[PDB]
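Okay, here we've got a single chain as structure tokens, the form deposited in one PDB entry, with questions on binding and movement later.
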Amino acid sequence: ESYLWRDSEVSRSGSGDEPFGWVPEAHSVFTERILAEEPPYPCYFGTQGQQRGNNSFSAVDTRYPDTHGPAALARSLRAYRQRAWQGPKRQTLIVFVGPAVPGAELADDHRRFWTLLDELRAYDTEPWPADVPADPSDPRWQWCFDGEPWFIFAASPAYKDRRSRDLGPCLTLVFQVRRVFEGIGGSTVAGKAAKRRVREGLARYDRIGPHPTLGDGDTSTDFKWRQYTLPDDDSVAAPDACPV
């Protein structure tokens, strides 16, 4: 009944022509990308999380929205949130949305991303957190679910220049609770070092530099919604235009 998988469990998601039958290969492509030796994947935190067994997985099968869709993903997210606090601080949930769509454009995958986040909100059993503004135009808005804010971003095969966000053939959602950044806040010595190290990785991996909405690298960032769906170029969305 649970669609929350550790690495060793992903193979039980599905086999052959059945729901999630495409998930084990998507899992393998993802791990190949994040564990690659040369050039290394730019986010060493993601690589370390994979190497240490701290990445969990789920999926959405768009052919079966009533049974393998947002209602099931809300259950998986609640289970993951418990895991994220019981285990180590730097855990990530990676959610593959498939089957893969040949030739999809990036704008289409971003639309599907925001639609899925909206559908998930309908299955939340907890009120919105009192410490996070509910207005998506507020500089400090963040997406919330099950009582706390998350960082959540979209990966897609349609990222051609921002190769770091091409994690395989499927739209992929990367969820983290905010304890993952504890100790690397933007004003901290370790936080500035973290951004330096990742951005140097991007300069050895991607065809385009760090996106401006990630900030200059010496402070924390507002309007985090724009980071969820980075464009493949240097365009900058209007701050009050979050699609939620």
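Note that residue numbering follows the sequence shown and begins at 1. Definition used throughout: the rigid core is the maximal C-alpha set that superposes within 1.5 Å between two forms.
This next part talks about the form deposited in another entry, which is not shown.
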Q: With the two forms aligned on their rigid core, point out which item of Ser137, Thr125, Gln82, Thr115 shifts its C-alpha by 2 Å or more between this form and the one not shown.
A: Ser137
(Q) Relative to the superposed rigid core, does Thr188 relocate between this form and the one not shown - that is, does its Cα move 2 Å or more? (A) no
(Q) Using a rigid core superposition, assess whether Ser220 undergoes a CA shift of 2 Å or more between this form and the one not shown. (A) yes
Q) Between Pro39 and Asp218, do the C-alpha atoms lie closer or farther in the other form than in the shown form, with a difference of 3 angstroms or more? A) farther
Q. Closer or farther: how do the Cα atoms of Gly217 and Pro149 compare in the other form relative to this form, given a change of at least 3 Å?
A. closer
